[PDB]
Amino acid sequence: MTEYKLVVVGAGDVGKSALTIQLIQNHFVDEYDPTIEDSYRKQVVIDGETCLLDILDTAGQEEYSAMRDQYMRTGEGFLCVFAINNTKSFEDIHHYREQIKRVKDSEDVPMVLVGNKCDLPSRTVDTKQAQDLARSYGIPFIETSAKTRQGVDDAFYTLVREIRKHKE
């Protein structure tokens, strides 16, 4: 069985942990619970092939930027998450992609832009903006809500499919 090492990055409060726990345990809670380092393993069937996802959920803040450097080096694919009601988290995506490119010495890194909290009405980043960012980066964009589970499988499946394409 192929294992896929995934890393979830993005600013604080955007729902990285909620997205991961929804995927892993089919469960959503409203509680904010600060992440330092958390890895999860879960079997998933993707396009008829069982694979093992090894998912690392990270802290967004600058304090742990040297930890993130090491996490990213061995990561094979990256979920770059922003909250669709937080424009700063959207623009901060750029810092996380720059950080990833530094430890990969490549622009060809499997990556999906994830716009989370799509259940909320207070939306400040619209679908068109994010598609344009993802287009300029050459990566897919997926809308999600960790609260409703909308698009959660789609984000992780799309990232696995990006890794598979890259390993061709």
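All residue numbers are counted from 1 along the displayed sequence.
With 110-118 and 57-65 compared on mean CA B-factor from the PDB entry, the stretch scoring higher is 57-65. Among all modelled residues in its chain, residue 27 ranks in the highest third by Cα B-factor. Looking at the C-alpha B-factors along this chain, the one for residue 163 belongs to the middle third. In the PDB entry, a CA B factor belonging to the lowest third of its chain's modelled residues is recorded for residue 43.
For residue 96, the recorded CA B-factor ranks within the middle third of the chain. Only modelled residues enter the ranking.
Ranked against the other modelled residues of its chain, the C-alpha B-factor of residue 130 as given in the entry falls in the highest third.
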